[PDB]
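To keep things clear, I will list the structure first and then write my remarks on it.
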Amino acid sequence: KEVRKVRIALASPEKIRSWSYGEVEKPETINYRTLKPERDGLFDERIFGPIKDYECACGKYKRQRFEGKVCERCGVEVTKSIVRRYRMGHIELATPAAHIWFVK
Amino acid sequence: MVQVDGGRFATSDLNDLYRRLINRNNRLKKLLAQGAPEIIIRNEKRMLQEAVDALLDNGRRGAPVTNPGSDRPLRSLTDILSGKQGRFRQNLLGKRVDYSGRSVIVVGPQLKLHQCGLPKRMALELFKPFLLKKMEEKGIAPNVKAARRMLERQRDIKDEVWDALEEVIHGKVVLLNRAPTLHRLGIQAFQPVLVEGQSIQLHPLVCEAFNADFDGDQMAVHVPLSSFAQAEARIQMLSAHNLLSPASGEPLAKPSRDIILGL
Amino acid sequence: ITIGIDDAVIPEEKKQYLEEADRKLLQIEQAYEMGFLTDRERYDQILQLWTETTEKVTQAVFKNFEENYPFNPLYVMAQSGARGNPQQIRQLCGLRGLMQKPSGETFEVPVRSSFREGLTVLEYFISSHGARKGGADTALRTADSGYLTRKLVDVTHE
Amino acid sequence: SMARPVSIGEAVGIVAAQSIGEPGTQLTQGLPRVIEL
Amino acid sequence: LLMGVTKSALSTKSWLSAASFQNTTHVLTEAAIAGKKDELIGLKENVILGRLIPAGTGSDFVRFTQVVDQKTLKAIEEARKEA
Amino acid sequence: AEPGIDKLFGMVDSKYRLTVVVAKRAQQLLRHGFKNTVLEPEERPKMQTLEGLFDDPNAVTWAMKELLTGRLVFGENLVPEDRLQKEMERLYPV
Amino acid sequence: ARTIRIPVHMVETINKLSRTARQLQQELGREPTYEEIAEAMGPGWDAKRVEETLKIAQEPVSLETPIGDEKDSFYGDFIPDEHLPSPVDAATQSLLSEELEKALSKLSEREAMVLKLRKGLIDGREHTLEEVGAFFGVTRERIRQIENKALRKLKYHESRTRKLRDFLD
Amino acid sequence: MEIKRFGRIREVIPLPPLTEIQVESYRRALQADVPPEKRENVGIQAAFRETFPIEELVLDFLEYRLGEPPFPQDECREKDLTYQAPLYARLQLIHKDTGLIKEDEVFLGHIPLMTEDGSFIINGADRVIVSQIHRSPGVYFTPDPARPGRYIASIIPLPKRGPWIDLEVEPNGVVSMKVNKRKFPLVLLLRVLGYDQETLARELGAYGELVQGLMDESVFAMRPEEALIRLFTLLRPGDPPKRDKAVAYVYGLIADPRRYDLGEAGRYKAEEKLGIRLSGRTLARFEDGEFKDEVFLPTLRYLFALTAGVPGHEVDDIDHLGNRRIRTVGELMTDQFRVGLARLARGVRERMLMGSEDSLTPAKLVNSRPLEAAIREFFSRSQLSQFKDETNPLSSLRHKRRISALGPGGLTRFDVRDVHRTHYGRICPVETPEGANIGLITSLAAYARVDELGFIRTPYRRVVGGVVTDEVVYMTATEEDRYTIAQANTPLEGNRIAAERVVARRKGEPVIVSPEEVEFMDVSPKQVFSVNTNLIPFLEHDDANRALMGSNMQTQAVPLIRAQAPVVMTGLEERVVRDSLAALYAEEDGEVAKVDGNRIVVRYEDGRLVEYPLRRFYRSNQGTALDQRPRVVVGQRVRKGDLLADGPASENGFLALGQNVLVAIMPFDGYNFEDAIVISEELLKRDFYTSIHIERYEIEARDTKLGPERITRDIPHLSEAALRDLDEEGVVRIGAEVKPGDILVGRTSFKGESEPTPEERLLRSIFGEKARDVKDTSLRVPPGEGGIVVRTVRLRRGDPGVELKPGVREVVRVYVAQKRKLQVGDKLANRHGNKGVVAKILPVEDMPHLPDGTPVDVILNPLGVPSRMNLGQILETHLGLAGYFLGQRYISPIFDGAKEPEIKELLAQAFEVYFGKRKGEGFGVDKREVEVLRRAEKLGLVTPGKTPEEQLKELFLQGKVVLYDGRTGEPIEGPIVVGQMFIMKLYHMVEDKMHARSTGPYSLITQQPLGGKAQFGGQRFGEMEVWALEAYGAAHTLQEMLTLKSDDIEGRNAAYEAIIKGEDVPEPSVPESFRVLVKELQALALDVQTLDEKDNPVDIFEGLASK
RNA sequence: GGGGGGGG
DNA sequence: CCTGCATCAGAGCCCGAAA
Ligand SMILES: [Mg+2]
Ligand SMILES: [Zn+2]
């Protein structure tokens, strides 16, 4: 069906989690020698998606006959790497934190 | 975080604003498990707020967080959305486009009002997809992939290419724009007449609408692709169909300078 | 149609109108240095004097053109609307006129030269304050206009 | 622009804006007054 | 009520319009609270979406107009008139 | 100017309707290879190449000239849009 | 401290290179080359290892850096996206599979199906000897043979349909 | 040819050395040429002497030295190094506790050296540091805007060396003092410095209501120590007011001659205004254990007397050039130097506490890094260090003489943009940028010198009673307003004042006075204008707005291979090239030994044999060819200061930014329209307006984690035709014609895990080629560029003398040259601000031509003149006409130049050659000259009833000519102005600017076309362009721009597929950057969703983000 | 806590 | 009740922009 409206509304912590594919646990980015993304860091493929299309991280499942499988060894979905543009993560706060827009 | 030409790395500011958040959350988690005094837990809890507040809207409250050894505020999500360089005004209400080009402007007294002179080397590129298709329907290349290979090197362009182009752009218009586009005739459609040389030829009568001099002005070219876009241009945006001002109702295309002088 | 220096014709009427101006101008300073009328009153009445003198020479420039040189290039281009307006032409043939101090208030002494005649260095420096003030003004304006327009589009686009 | 009655679907609002704004550069109370109004 | 153009603009229904104008966080804050739905009535909204603007060739007045040649037009009409 | 544009604005209540008809029709012919054209071999818009006259490839040129003849009909809710598609592909294949 | 976090002892080595160099420069009255650092570091250190230590120490730069001017220029705006295919590339890859299968079916699709099962249009089904023991239609060394005959029938089939040369780049 | 000089004005003094604002400033800052005792306490010396001694043990500073540069100038340019000297400092460590003293010479790093012409080389590129104008420090009194009868005194120090302070007297009646946006009763401070109620009343009493308004009893209930703590609580709440730390805060704030610095100039101006003498450059002292006032009461005293209308008390005009000074190169750099010194001192005191308080030397105590980085940052990234403008030699000379009011310490986002009456003779009123920056950036006037305190002064002649001395006194704006200063042109017999009424100024106001009344006289007219402005003949006849463009475009003239000086000069074009240093001159008298294309060797009287090598075909920052040409022949005898080689855009040592061309001034069938220009193909034929341009191309081979990049001749899949002009190792051979797509440098890179797709390996399986593992990464020629390879530079890892940034093996550079003939699109201009793009090139047979057959070079439209009011170009060509037939060039000084009767005199002499020859060799008047003459007589141009010869002379004296249209042979119905004009070819060439793009690179995040020709960018269709399509109602054109033609990835790939297959483009999909907006709003915890008619959600991600 | 060398 | 009075978010377009 066709787009006719655009709604905007608050997001519950519940719903933020409904978006999320993984909690980002580490401030790491990419490993300094593999330059591949560190797992549970800010670029982890296990959360956000494969870097290369229809190919897992360690290389066990490498093309499209598997679409949607999650590699046992490395844990990455086999889809189009375009997903790294869409898949949200999330950070579980210890203490709650106010959203400054609604404060100031 | 991308490797740019150099093997160097280049990274968006949000990553450093997230890292500051993650450290503080993580360390608060540990100070809790280790039962630290509340003056310590209080201090981190407040720093956590400020990490969240610089991520969401750095600078909004208190000192803006900066990269070490730089005075540059990190650009936070609010910064991205907002302002002249923000998402809305820089990439949603207006983008850069394909099938466009720019050159210096030159008067073309011999043009008819619906025309302009368009450099053929420009026209080659702006219409290049079309040119490839024509190139194979005749025969100057076996298929579209060889056709493109041929126009890569300037030495390997042979004269019958240009006759192929002329066929392509037949009847089609291009758009001309001179910034600042103050009103709707900052853009107007012209049937292009290919020219040697590198300069666009503008028709004398349209210079007023455009506020176009020839003291080095330049003008952008745009090629409407679909049948729909081309029909809009030819009917609604053709120079010849817009002779009157939409503001006063008076003639906009009119004699001026030499044309008056001679008459 | 061409333009050579001789095509910017100083009217004979010009010298007479200038002598008329100085004899009335010394009328005004005796009324000052004898204390009949103010220094504000005197600055005011010489400004209107030189304004009227400027107008006088402008129509002088065009009457001499129309009657004696009706096909002069400057006359033709201005008259037909091809290019130039009276006070531009007035500056080539008559006098440059009153300039303005940085503050905006005008100088009492005008530029008596024309561009054909050529300005004195002091006339040229005097006239520069106005040019520069105009150039800055226009530069701040286009931003104010640009913003205005975006507001308008924003309020009417639907 | 057409010396004739307006076609259903013309983006008048935009046109109106462009019409008022374009002379903008050349206003020497001048343009401030207009903003004030 | 008389407001000038800036405040008038920022007060339209369309939050995609106002947020893209100015005062973006304020505009977005209040809208998100209200659960505002943009009906995409004006042109900026549809520009932001890359949709086809509701003017010109995009007006619902002229958009659905059909064109048929007479040869097709009654070639079709004959097969559909009978049972 | 577009040949006969003053007449083409005579045709419509609203200028944007003219160009909708024109653009629609222009893709009608490009899809059907022009074979559904209303015009006859001497009305066909021609284009001069180096070899000689050939058909004008530009279907927007075509549609406006077609339109001027008056053999096209235009309007809203003429016919269910799906039912056109195949009877046109039936009469003039691709 | 580093956007690319690096092990704690490796940073300890990097910090040492800098202290080493700074004293070097402090006595030499000019910037040392990697060799003068390498020996000042003792055994195990050559100049290539000074050099690869510094490339590791390199910190990333901000996509939001202003390109001088500071008005209207970001570094990131100068950086092309080389991941997503361009319209030509996506068209070239489509074009290839289009005439790739319109060339297998033109001998027969069966022996082109055996070969197509060998490499894989979408899957990459490439091992070597064994699995072929199962379902192609025949036993095991025959698939390798009809591999060649499909390949060389392809190669004559292509000397006529020589439109694939261009894909060689 | 003969040159004729006009002008009655005898100039007592030549122009000063015009780069002296740069050279003298840095030389004074470094003092490298002075023995360290003898150094005065300025610049580098002053920074050291203010940073040291460093207290705890004490590190003290002995002297500094500067070594010689590790590499010479051109050597630095070649290898992308900075031209700089090693800086060493000898310091003695002294232990306060024991008595140990170890002293060593510590290396502080390198300081960049300035070249002879007053520029720098920073990583291989020339740069210029532009002087900054700002408010002089001192004490100022301005009127209170809100309260009319009141005034604010302000004390303002050097930038970043103290706070600014206001002394508003609030409605309350007390004297209030503003600091750091904080207000408080100033009398609070008064007590702190040891005042009490008697001293305030005895000194100040005269002001009935005002002096008693400062008195507040609760504050005196308190000795000076109490009041010290008083205030500290005011200004940093929460900090415990320890008597120790309140002292330190306010001391460092107010009296610390290290954290607070008024100028050396600020010190004098304060002494002069308040009528005091200052012990140092701080507002107060700490002496004998308590605070001692310096400034505050003279400042308070001055304000109260002005309040009351006491005589001798005046407001200060803050725009007056006596209260505004310039921060030259030296000052600017030493400011950055002192900052880096003070940073290094933070590291010294830190290390004077850790690590063994005895086992330490100066060497291990100092870390150079914070000084090195401070200087490197001032030079590479400061916004006053500019990429040199060396388009032509004048470009760089104007650059050095520029004055910016932006910068760290000037304006930014009318009063300061205005021409102030004190600019006269100091800052050019004409040369300034059109646009947003107008009046913020300006140029040093020609005779102006910047003095020790940084005020601009201008020369003036003293006049005694009535006779004009030859003594010249350079004068700041403040001292100028005391005197009556006569105009430069006022008439004089010998040295006596010859008019009984003289035109003079007094405080910039113009006044008529007698010769008894005059105290000084202007040196020259040139002293009021910049160098560029001074290069405009007949400037007295040009409206200023167009003279403004005449100035600035001379900066932009590109060096022509046939460059020639203008037929009408002003007399400054000789020393411009001399001070430019483009041309090369003779040191002493002597005899030329040898003359080569590459070299010229001269033997002087000294016996020495000096060899001058010549820079030939060197590429400037802007790509224009800097090239010196030998102008003397072997054996020629030469004096001191004679010229030996012409620089670029110089002809026989005169500045040559264009060519003299024969111009007719008439419309021409529409190709003249709205400033376009019509030129004759004759100019291309004889290589007029042809210029050489070199672009530089670079490429690096790097070590990658996939393996090495190698600069190869072996490139997968490419024919020998593609590689013919490549040498053995894969770089193009010197002297090859390279055109777009050609390869200049071969290079292979290892293919990423893009490991040929199964689709690809099968493909190459069939051809029996196995896919190589290296990719073609060669450096090719970009679209629209090209030329002939003239040079290659190859720098590898492991060669002697070379090691590159970490990771890169080898870097190759290829210099490509082009000879660019003039073409339609390219920009011409004259010195009067007439500018136009050449729109048409007619063949010689279409050009209007004179009756004796010679055709004009360029046709300019007259419509360009009346509204622009730049009549100087009109006189320029008249005199050009005379000179064309007489074979002369002329020197008409500005404002003292050739006047109409004088030009007619030489025009008459010219007519005899144009016409007397004609009748001589057997030809009479032409039938067509009679038809023109007929209509000219109807225009009142010729007197009726004279022979055709008599009447053509009358037209020739008006500058007009009989012209025959080459197309018809029939005459132009009127007599037309024709003459020689100086017209430059500006740097804006269409070859540089044409650009077009079908598809190309896209931005990382937004997936929208990149920008800019160099990126194969796409044009920006912005906000106002959408409005344009919106008004037109071009909904489908507009939607195309918003999708297919930008970031609608599916629709853009699909559209491209449709066109190369001949179908119409598919209706678009969702722009990727709206998808980006959604996810950024989710990143702000905002749930934005697309719905349908029935309000059911619509998934814009085609299921790809839902689980 | 908001801003700049060139072209139109 | 109203006014000072404070806190915030605005400040033209496109292209070279010489990092
Ligand atoms: Mg212009
Ligand atoms: Zn895996």
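Which chain is which? The protein sequence lines are A, B, C, D, E, F, G and H, in order.
Counting from 3, one number per residue, gives the positions in the first sequence under the entry's author numbering.
Counting from 527, one number per residue, gives the positions in the second sequence under the entry's author numbering.
Counting from 947, one number per residue, gives the positions in the third sequence under the entry's author numbering.
Read in order, the letters of the fourth sequence correspond to residues 1210 to 1237, 1254 to 1262 in the entry's author numbering.
Counting from 1420, one number per residue, gives the positions in the fifth sequence under the entry's author numbering.
Counting from 2, one number per residue, gives the positions in the sixth sequence under the entry's author numbering.
Counting from 255, one number per residue, gives the positions in the seventh sequence under the entry's author numbering.
Read in order, the letters of the eighth sequence correspond to residues 1 to 56, 64 to 420, 425 to 1118 in the entry's author numbering.
C-beta atoms are modelled at their ideal positions from N, C-alpha and C, and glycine is treated no differently.
Is the beta carbon of residue j closer than 8 Å to that of residue i?
| i | j | result |
| --- | --- | --- |
| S602 (chain B) | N584 (chain B) | yes |
| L658 (chain B) | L650 (chain B) | no |
Kindly examine ligand 2 and report whether one of its heavy atoms sits closer than 7 Å to the Cβ of residue i.
| i | result |
| --- | --- |
| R75 (chain A) | yes |
| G51 (chain A) | no |
| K1090 (chain H) | no |
| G61 (chain A) | yes |
Flag residue i as yes when its Cβ comes closer than 7 Å to any non-hydrogen atom of ligand 1, and as no otherwise.
| i | result |
| --- | --- |
| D326 (chain G) | no |
| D739 (chain B) | yes |
| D837 (chain H) | no |
Please return the same chain residues whose Cβ sits closer than 7 Å to the Cβ of residue i, not counting the five positions on each side in sequence.
| i | result |
| --- | --- |
| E297 (chain H) | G201 and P231 |
| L31 (chain F) | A60 |
Please report the straight-line C-alpha distance between residue i and residue j, rounded to a whole angstrom.
| i | j | result |
| --- | --- | --- |
| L944 (chain H) | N683 (chain H) | 26 Å |
| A690 (chain B) | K781 (chain H) | 37 Å |
| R1078 (chain C) | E520 (chain H) | 18 Å |
| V941 (chain H) | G669 (chain H) | 37 Å |
| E662 (chain B) | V670 (chain B) | 6 Å |
| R628 (chain B) | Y494 (chain H) | 58 Å |
| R831 (chain H) | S702 (chain H) | 5 Å |
Near residue i, which residues of its chain fall below 6 Å by C-beta distance, leaving aside the five closest residues on each side in sequence?
| i | result |
| --- | --- |
| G1043 (chain C) | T1000 and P1056 |
| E1083 (chain H) | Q1018, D1058 and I1060 |
**Asked** Whole beta strand (DSSP E) runs in the segment 636-709 of chain B with 3 or more residues, listed along the chain?
**Response** 641-645 and 700-703
**Request:** Would you list, in sequence order, the uninterrupted beta strand (DSSP E) runs of no fewer than 3 residues that lie entirely inside the segment 122-187 of chain H?
**Result:** 127-129, 132-136, 138-142, 145-150, 158-163 and 183-186
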